[PDB]
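Letters are used for the chains, namely A, B, C, D and E, taken in the order the chains are written, and counting of residues starts over at 1 for each.
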Amino acid sequence: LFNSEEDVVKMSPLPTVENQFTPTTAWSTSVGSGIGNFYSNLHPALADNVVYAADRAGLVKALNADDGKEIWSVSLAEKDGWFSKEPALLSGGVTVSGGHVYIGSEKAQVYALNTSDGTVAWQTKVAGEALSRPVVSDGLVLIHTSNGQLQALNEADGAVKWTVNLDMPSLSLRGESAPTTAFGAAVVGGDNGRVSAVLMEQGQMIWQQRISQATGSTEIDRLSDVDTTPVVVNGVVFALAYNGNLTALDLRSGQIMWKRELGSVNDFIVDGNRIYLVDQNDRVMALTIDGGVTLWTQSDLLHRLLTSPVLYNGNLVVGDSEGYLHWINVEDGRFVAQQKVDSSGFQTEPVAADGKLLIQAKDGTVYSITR
Amino acid sequence: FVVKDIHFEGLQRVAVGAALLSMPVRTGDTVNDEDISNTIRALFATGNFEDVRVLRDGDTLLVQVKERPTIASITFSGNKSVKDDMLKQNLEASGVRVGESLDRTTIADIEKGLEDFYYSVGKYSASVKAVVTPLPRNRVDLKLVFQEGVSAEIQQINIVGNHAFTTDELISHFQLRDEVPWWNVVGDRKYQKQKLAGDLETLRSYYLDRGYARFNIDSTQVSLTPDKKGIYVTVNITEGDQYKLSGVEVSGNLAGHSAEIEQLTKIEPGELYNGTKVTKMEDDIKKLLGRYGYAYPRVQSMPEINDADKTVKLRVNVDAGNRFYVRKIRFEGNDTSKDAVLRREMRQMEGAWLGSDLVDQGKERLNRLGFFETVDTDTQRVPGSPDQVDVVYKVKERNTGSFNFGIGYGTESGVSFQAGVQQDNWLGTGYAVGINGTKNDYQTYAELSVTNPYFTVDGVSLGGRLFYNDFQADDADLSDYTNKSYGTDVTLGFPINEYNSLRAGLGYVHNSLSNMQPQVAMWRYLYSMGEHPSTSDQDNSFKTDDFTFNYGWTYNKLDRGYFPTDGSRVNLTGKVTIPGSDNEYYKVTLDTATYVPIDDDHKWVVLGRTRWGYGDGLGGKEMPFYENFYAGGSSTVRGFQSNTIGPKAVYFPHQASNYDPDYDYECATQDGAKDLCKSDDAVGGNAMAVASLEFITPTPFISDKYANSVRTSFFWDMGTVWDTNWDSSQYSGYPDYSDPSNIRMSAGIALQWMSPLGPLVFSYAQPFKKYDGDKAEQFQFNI
Amino acid sequence: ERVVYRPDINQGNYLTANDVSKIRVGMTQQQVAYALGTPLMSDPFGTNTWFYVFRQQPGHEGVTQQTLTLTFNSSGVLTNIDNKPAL
Amino acid sequence: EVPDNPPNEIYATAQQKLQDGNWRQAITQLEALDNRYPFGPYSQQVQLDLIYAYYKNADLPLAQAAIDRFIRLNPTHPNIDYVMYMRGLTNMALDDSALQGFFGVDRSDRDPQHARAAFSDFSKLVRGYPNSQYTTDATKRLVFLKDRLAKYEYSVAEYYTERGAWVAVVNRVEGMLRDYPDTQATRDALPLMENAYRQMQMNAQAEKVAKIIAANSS
Amino acid sequence: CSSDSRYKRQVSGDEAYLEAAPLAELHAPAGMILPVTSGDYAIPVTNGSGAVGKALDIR
């Protein structure tokens, strides 16, 4: 009756409820209303066992990494603005370097919250929201914004060093194109489907390489915004194009060592010589680092809306946006454990930190997992 | 090799020689193996040959062909509210149709072309698979699966770089108000990128008036929320600063109207810059030069935006045309009525300079015409002179035919029915025909009504109305109030102005009665008739041949013939008696129609419908009780039965009606209800004061195929009918209505429905304040 | 009759006093037509007699009219500026 | 109604239901003829029959659409004189066809929109085929149709005689004389222009029209 | 169903249009020459051999 008025799409949720190393929680201390409905790059971080965690509703915590008790707590709910109120609303992840919790916001601010209390020891604006977590190095806070601007904010006191537009997406798309520092150069992807290494110390282009397609005249992913953010383990830049299309290319020239222009790759990590990667089927697959040679793949994960495959307690850990943490065999794609600790779907990656597995979903904010 | 015969294996649109001609090696031309491959591609260049296998029998060519042509059908599956012909049109954008070359390569071109269309639908979770289904001898059905999952939705517009206002007040001044703070309440939201395109200038025109000539929207970043649903947008703007209009320095060809053009651009220097006012003031000059004949006036304002004091300086560059642009005019869409009917509905004449609104008032007169569906023109400049424009008034005429019905359940009972039909100037004759009538046992009613509204050149509305009510109110015989009423009504209208038109007519009211109702207000007027008919009996007859003189006048400044939205109308109509009448009286009335738009989109316009009436004798008589006024039912106070609001007569203590139905049709009669019963139905007041307060209301959930003349229309209905001729000792222990303090009240909505049988109105109204002898019909059925 | 309230009818195609002074007997059709355009009536019958003839109905008694004929010759050169008011 | 048979069986049932007069069914053969099987040897005659059967189903602009189809299919054809007739023969019935005539309501003061277009085609007949079987009746159309096109714009020329727009009388009356100075309506619009100048104190120009009445009304 | 469809071969029911209306001509007097037929109004007069009425076969 009332059921007959709606319309649906499809996913295949939780194959293999597994507890072979039976997961539990390390603690659960939920921050608030976290990662939200925006395109969000806010994710939990775990530092000093003083769990500097934040939501998008202002509230930034320092929980304690045994029970999640507040070592400090603040709120970035600023009391004024052109929405008449300004919460945290973080377009960047939690970057804790020094006495600064650097977080980039959709209030266009990249704060740096003092890790003893959480008070903003500096904040400096970026061009609108960020496509990027704050990347803090060389005296800079590397933000690649939604406007494509590789920005450099002074990580000690707050001062814009160089705001350099490199790769704005084709239709102002979203997705992570975070500026990674490699070989002294800020290496940026771009949801134009490209990737580029750029001399970070002024924003000077080392090279720009179009890899493959983005949205606009070749209509691709809005089911999962593909991180073109390159994981540059060594001078082969390993990255994705915005259509998921994986690439391995030179860091000083962008010359392609190999590339999967077949990539439906959502998340991707270089696990040794086996690039472990979440595809659009939400399967984990171990391609090589010198090819797309599948060292192993996964069928136990299938249409899951996964996070990135991380490692914790000897298993390949990946949560999903159905809120089910999973512990994959680090080899051929079998679960060892699976955990629903979520009150939500885990939009953010399992932060395998401090000997725990820290998480924060959109409303399933900070739990932490041991097995 | 040289071919002696080309083997043609199936072509089906390209002919045998036409294939052979597309072969660069024809029969008799020498075969080369490069010509064979040239035969492949150039028969692939037929655009109809799916596969071409050019072989040869040594030299004798064997061209084995597969065929693209006629796609005999195209099937759609999953073709939801986004219509399959639009799904065919992106397939037609893929070059595909029925009866066509089917290259089987454009399958995904249909699909991804529709999936990109599905992106621009408002969805993104929407796919499509095209399926080839072969039909006889080359032909194909194109089946089409459409996998449409879900649609995208605009969630929140994050307008960054906003340094003058807040984003939310802009969103309030785009569309919004609050939602239950113990205050006002608002609605819902969805995605379309053109609403994004519209509000950004609603953003800018919110800046353009408050100052802000260097307001600029810097950039825009739609959030690709990874769901294909969440449309947040990060918009970069910059207010620049507030700006002032600090002076008008209008220049150019001001056509000798320079003070006037300056008067339209009389501004306050230093007043916060209103660019929206500035372009208006340009249009002020354009209609000024337009009404001065210059049909094509250049007016070019230029704010020299002086950022040094945060002001602007209005240069204006004006350049008018010439005066006598209306050389001649044309008339089209007058295939059903003549030109001179539509030609006389104008205020712009040829041989004149342009009065810019004389075209429009005549088009408003054509909007006030009512024999139309559209009012348009083609004001085309005939090239060759700056005094040369043809105004080709092309309009669409009337949709005719209208019906009304009542039922007496005939042929399952006594043959009893109520008829009535309206022809709405059938075929544009200039003859509006509406004819009704009914034959029951109670009545056999006849009526005629038609007019040529323009039968002579001065707007002679040649209207002769007829009537023959063979009305008896038969219970079994002529016992309860026979009235055989018969005669005519010839009436004429004449325009005293372009919006003012008079009326006058005459009535012949020949009535034939018997055994009238044994009651006061019946006999009381008949006591004023000089009769003293029997109180206690229905044995009393009446023959009146009333010779009456009718009159009236109308005002008409109110928009449309069948869906108006603004203006006012007054409609006087009354009557009086003359010598030769069998009764001396008057009866005066008036109708009004004034439209006040609260919404300036005119989806919400005040529509006040109220009715007045008064009538008495001309000395020594009364106005009849059958001409006394009533209300209730379909009236301006609905939610009632018919004739509820009004004075309530009293049956005298009555016997047989010359035949009394035994304990039926009670009139204080011999069988039941005796000894001074009160007539509970509204027998009529000789004065009237009733009202209905209606509103235009749009239908935001209805397919607007027909809503151009569909008006949902709420009301609060109230009023009285009362007799200034009412007794109060005859009605001592009975309803007295000598005063208009009988203010009834109802409220509800009218549902006007445009059928091909005209507008069909329906009502529900709950009367929450009533007076004596009112009856309530909430389920109100009208036509 | 004795009517007091009526619709009222104008009819332009006039020439202003500026328009008469722009032109002269001896001026061509075109030098007239550069400042005045064409009239909305000429003489097809006979020569180029350019009629800028104003009319207007201001009420029951009296009538408003400026009948002005610009008679150009076969060469289109102006030969008459015939200013003629109502009646 | 539309068959998917072989076309000559469809053409057999076509020329049946034309001579049967089943134009609900005859067209659906002839449409299944040329649309499904656009290689009919009779597809000129089908499209000849289509202009016919559309007009024989009173599908006047579809006869005109099949005309433009036959203009596109056979611009080399001996029955474009047919087309040039059936063009205007549509545009006769395209222009004024109401049931209002039996009761005495005019339709020539109504617009000659396609009666202009019928005059075009019945001239395009007697231009493009001035010899044909269709060219005589089209000549019988035109001299009659000029008089039908007389009475519309005569009622326009009388309208500015009603309006008092006396310049617009002459612009319509000579506008009639620029259109048809051979109809009786033009002889009788000629006093209105003769009136028009006379009301505009151009009595001399009016009495010029009186000598124009002395010649053109003769 | 009372909705039907049938019509056979003829020119239209205005057989008055087989008769080509007597046009009362207008010869301009000298010095008062008026323009002539323009626009659609052009009749290449050929009632030279051709069918009117039912005899005009349409097919």
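Assume contacts are C-beta pairs under 8 Å (C-beta built on N, C-alpha and C of every residue); 3 or more make two chains touch, one makes a residue touch a chain.
By chain, UniProt protein names: B = Outer membrane protein assembly factor BamA; C = Outer membrane protein assembly factor BamE; D = Outer membrane protein assembly factor BamD.
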Chain pair with the higher count of C-beta pairs in contact (D-E, C-D): D-E
Farthest chain relative to subunit B (centres taken as mean CA coordinates): A
Intercentroid distance (Cα basis), subunit E paired with subunit D, Å: 8
Length of the line joining the C-alpha centres of subunit B and subunit C, rounded to whole Å: 45
Computed distance of Cα centres, subunit E from subunit A, in Å: 82
Multi-chain contact sites of subunit E, meaning residues that touch two or more partners: 28, 32, 34-35
In subunit C, residues with contacts to at least two other chains: 9, 11, 13, 40-41, 44-46, 53, 55
Pairs of chains satisfying the touch condition: A-B, B-C, B-D, C-D, C-E, D-E
Contact footprint of subunit C on subunit B as seen in their complex: 256, 293, 322-324, 326-328, 349-353, 355, 384-388, 495-498, 500
Residue ranges of subunit C in contact with subunit E within the complex: 44-46
Residue ranges of subunit D touching subunit C (in the complex, touch as defined): 163-168, 170-171, 174, 200-202, 205, 208-209, 212
Subunit A to subunit B touching residues, read off their complex: 7-10, 37-39, 81-84, 106, 108, 127-129, 146-147, 171-175, 191, 215, 219, 221-225
Subunit C residues touching subunit D - in the complex, by the definition given at the top: 9, 11, 13, 40-41, 43-46, 49, 51, 53, 55, 57, 65, 67, 69, 84, 86-87
